[PDB]
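Heads up: the structure comes next, in structure tokens.
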Amino acid sequence: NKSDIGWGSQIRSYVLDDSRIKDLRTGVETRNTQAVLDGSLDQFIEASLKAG
Amino acid sequence: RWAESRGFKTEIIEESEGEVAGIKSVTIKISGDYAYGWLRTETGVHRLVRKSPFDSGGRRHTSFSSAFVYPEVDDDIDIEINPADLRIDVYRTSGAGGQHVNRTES
RNA sequence: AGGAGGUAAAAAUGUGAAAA
RNA sequence: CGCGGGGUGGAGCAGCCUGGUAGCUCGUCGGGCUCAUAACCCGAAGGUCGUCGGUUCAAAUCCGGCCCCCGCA
RNA sequence: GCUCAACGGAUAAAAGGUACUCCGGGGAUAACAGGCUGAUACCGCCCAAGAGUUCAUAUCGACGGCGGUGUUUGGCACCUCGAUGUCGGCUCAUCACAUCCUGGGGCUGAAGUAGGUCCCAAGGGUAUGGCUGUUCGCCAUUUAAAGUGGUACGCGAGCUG
RNA sequence: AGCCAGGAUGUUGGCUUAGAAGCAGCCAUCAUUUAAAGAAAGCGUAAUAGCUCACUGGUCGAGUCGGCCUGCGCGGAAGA
RNA sequence: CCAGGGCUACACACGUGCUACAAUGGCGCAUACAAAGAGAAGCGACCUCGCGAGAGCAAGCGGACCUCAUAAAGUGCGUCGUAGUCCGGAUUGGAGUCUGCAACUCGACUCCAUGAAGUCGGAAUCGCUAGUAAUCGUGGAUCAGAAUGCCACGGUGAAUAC
RNA sequence: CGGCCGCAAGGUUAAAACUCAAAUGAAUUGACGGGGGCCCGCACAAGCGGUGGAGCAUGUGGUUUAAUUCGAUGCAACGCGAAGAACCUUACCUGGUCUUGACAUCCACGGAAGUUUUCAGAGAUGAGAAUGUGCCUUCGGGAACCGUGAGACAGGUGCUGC
RNA sequence: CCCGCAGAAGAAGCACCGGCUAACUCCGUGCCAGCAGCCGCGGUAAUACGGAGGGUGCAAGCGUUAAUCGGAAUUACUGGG
């Protein structure tokens, strides 16, 4: 089940070309990347993972 | 850092630093209330797009690492012997000696 | 011009995406 | 439900036997070397010795109870 | 005083194997069988939540308890070591009932039919092969059923090895 | 103790809002009219109606009913 | 838009500087010698008070003139006499001045006391050939207040380049 | 694979399935070489003084945190932006507030503006008691100035130096 | 085959649009969903992915797939090393 390691599952794309975080499972977009790297993970479960 | 905000202590379990830098495989022990339930959903593989310094021609090369979450809790095997089986067979087996014996073995 | 003698032990490696 | 080996840096072996006084290898931290790493070189913290007790100016040490593993039955 | 491994010390100098074995003895002492016993095994009852849709008395039944039979393994050495001389198969059986079938009945969550469970009953019947040295056991194909045990783990002065 | 009747008015009792009506499910465990009836065990029980025991009178009307201390017995008790 | 706080947080490592580990030196008294700069809601005589930072009166100058401004090393002499010492100086308690609404987090400076590390630095590594290295002192910009940071000048003044 | 040959090892003859859109030859311009010749430079050689060893100053990482803004981050970042963080600065955080706004133009309105100053208040702000009551008049008001209704917008030290 | 009435009334889609190969923009998603015959695009400023409009080619046909040949002088007698 966890075999897809490489270019298979792109759950949360973290880019630095424009510094934008996108969890495509829903589409919770955030332009505040650095804070997400240090705490803003709570928002991913409550919003995106709320419906699953 | 997210776990500290959740009061969970992130106990290190396993790690392996690379020959040049970075860790290859790392696992930790998060202890607390609603730790797994809230992380049971986070078994995804995040995608990283970052400017690469290791590549001399500093260009954005993608990077991948998988986030796997398992409860790790384990309560197992005690006793499974029941009375609905055990066809107990007690049959003999002969042996040896010196003149005329049947040294049996049930 | 013709032609000889003296003259270097060890040092591996760098994944992957850009040219009107 | 007998006899015995052992529990020493994070890991692995002497040091005990004949009572004070624990060395070294790997690892860890950093520096320098190359743009980076390894390697190399230098410096250094880190082990009172599973646990409890007696003896002595002094016990990880000599010995014994409890727990884990191993040899033969 | 070295000195008595066994410490009244066979001289203070001393290990093993024997299945050709041999001799002298023992059922004073073992293995098979019988005997006393019945821990264990086996079977049968008592109290009784729970499981089971609801309800424990359709069934099973934990927690524990009370007895029986003498078929498992054992316990003790009573009988035999101037012999009880062998496991299985073959042939031939015979008894018990705690019944595999067939018969007669009770209950049901037994509609019908087919089953499950319990009581009475021994009259008669209760497979053929593959594999194994086999009992047991697994498989194949049946059958109404392919019963559980005792009878020196029946039977070798009947056969085989 | 058998027998002949009664065994009820609100209570279609709250209900965790289509529900269990003495009765798989938890409860206060009612005030009443009375020679009289516990809002409670079993049956069909999803819930009914209904059949019972508590309880109340008429008949049989003498020893009766519930227990205890003990003797002797039955079942439990099935093998070649 | 605004008060307060942080940017100065601290079990750690590294880069970049000031001063020493002493006696070619420290302490004390007397004392000679500079260039370049800044000045007004500014720099500040002289003088007065004190151990000091500074307080007060306040001419001169919006400037080769006035002020900042006493240059410091060094020299003569005396003391200490090779120590963790009178070399060195952080930390720390207390009492002050400056600017500012305000000095606590969080300033500079001063006075008294205290007074360690450090006894010339490992592997390794950096700058320099000229009035350069090394070394002492001064001014300015920045600035309400306040640097060892930066810019600039002056004093002293080598060796080696086979 | 088969045939043949050979004592064996193997040799000889000789495909395909499949996979990619390249493989390859000479040569050209640079780059690079523990290739070479020559030359240059504190590269090293010859000396001198430092760093790392110590106290402290300052920056960053790390850690921490409400934030301890952000950027620079081999040579050519790290006494750097910052020619200087107690408020300010400040782009940060928390709290409290205004929200066509702090800066600015157009449509429409009243009022000289301003000022002494009080209460609540940390401040931002709200609500006042009054003095004053001005340049000029298309005189139902042109204009420095304050506030206000509202439609256009303003502002952005928010991101992107790929 | 011819004559009469009739409402334009009953009668238009397919492929492609970076280059090869005639012909374009915007928006949505961002090496994800997808495209393709080939070279290669999609990695937050896509003439190529999807939709909308427009345009190009063909036209009751239009694409796609399969197959033979030429292109292939890459089996060369013609006509190669």
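Data table
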item	result
Kirkwood Rh in Å, taken over chain B so that all alpha-carbon pairs contribute	20.7 Å
Peptide-level mean, for A:11-19, of C-beta atoms on other protein chains within 10 Å	5
Sorted by Cβ neighbour density within 10 Å, fewest at the top, the residues B:46, B:100, B:61	B:100, B:61, B:46
Where chymotrypsin sites (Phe, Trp or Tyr not before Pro) fall in DSSP loop in chain A, at most 11 other Cβ within 10 Å	A:7
Exposed-site-free run, longest, chain A (rule: trypsin sites (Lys or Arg not before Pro); DSSP loop; at most 13 other C-beta within 10 Å)	A:3-30
Footprinting exposure proxy for B:23, B:81 (fewest neighbouring C-beta atoms within 10 Å first)	B:81, B:23
Residues whose placed amide H lies under 5 Å from that of residue B:67, excluding near-sequence neighbours	B:44, B:45, B:46
Top positive-direction residue, dipole computed over the protein assembly as shown with Cβ charges, set B:31, B:16, B:102	B:16
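Note that we place each Cβ from the backbone using ideal geometry, even for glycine, and neighbour counts take in every protein chain shown. FYI, it's all coordinate maths here, none of it is from the lab.
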